[PDB]
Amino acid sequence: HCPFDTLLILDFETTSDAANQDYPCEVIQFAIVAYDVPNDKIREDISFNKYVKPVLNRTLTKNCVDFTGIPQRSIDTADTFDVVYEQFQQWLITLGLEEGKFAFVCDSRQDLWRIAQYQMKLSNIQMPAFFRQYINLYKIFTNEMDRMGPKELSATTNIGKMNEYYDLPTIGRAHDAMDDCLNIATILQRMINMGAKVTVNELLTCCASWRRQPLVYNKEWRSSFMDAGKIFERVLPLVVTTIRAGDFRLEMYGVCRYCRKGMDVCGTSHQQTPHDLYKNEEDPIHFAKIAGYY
């Protein structure tokens, strides 16, 4: 039994400029589809789907438009994140859910660890408890592949992979956040029926001991998604810690896995500020500066 009655599949799309990783991503699409656990039903009549107007980079680069297929008129016409995120909160209450008895599900750590946290620094919104614990479905998927036996996967995204492996047709268009959500809900549902144990497996914590030793800087990092990741890790206050299925307990919402304080008192402030990175303004980190991490 998965211990949540209802699972919320979330995906964002953001602003980007492909060849440049020192980029202050802003949310441009915010999508959710609800999943009924005891009933095993994807409920796509219980949705959230909004576009979002960025403030830092108002014009979407052509390559971003290409990736996401989101046309510029759709963002010009949208509200800013603070407004949209507010609508989100109202919509949540609409669902009459029991605090801590529902979890978000994403295709990776990107959506909540990186995207949501950063956007929320910008919009100056404290990160809520239900974003500080979630189900990284792809990680679960790695385990399911061990159990059920490896397979040759030519697909190129986390979703693509899971759809290929589970032998599921692609829903709609890649990188539309809602379409991404629909693929993940289907994947999740097939996963549960094939025997996957689905719980919270990632927690956002204020502190990790691998951040005490300054990071081995790598000059060409703004051209590598991996290496950018490593610096994203140092800059963002909250870092992803993992947790074994059998170790998770419902009542961990919403206390910090490291410092055990409440999530209205933890992460108002970086606990391992990477001063070592911020000391040479011959090569400064752009996304850290506009966000105001220094």
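All residue numbers refer to positions in the sequence shown, first residue = 1.
*Asks:* Quick one: higher average CA temperature factor, 18-26 or 275-283?
*Replies:* In the deposited entry, the stretch with the higher C-alpha B-factor mean is 275-283.
*Asks:* Averaging C-alpha B-factors over each stretch, which comes out higher, 247-255 or 54-62?
*Replies:* The recorded data point to 247-255.
*Asks:* Specify which of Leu137, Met145, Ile192, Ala185 carries the largest Cα B factor in the deposited PDB entry.
*Replies:* Result of the comparison over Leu137, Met145, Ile192, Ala185: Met145.
*Asks:* Among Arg132, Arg114, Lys219, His175, which residue carries the highest C-alpha B-factor recorded in the PDB entry?
*Replies:* Of the candidates given, the C-alpha B-factor peaks at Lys219.
*Asks:* Just say lowest, middle or highest third for the CA B-factor of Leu8 relative to the other modelled residues in its chain.
*Replies:* It falls in the bottom third of the chain.
*Asks:* For the chain shown, is the CA B-factor of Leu204 in the lowest, middle or highest third of its modelled residues?
*Replies:* Middle third by C-alpha B-factor.
*Asks:* What third of its chain, lowest, middle or highest, does the C-alpha temperature factor of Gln110 fall into?
*Replies:* It belongs to the lowest third of the chain when residues are ordered by C-alpha B-factor.
*Asks:* Going by the recorded CA B-factors, say which third of the chain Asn124 sits in, lowest, middle or highest.
*Replies:* Within its chain, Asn124 is a middle-third residue by C-alpha B-factor, going by the deposited values.
*Asks:* Taking the values exactly as deposited, rank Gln87 by C-alpha B-factor within its chain and report the matching third: lowest, middle or highest.
*Replies:* Middle third - that is where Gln87 ends up once the chain's C-alpha B-factors are sorted.
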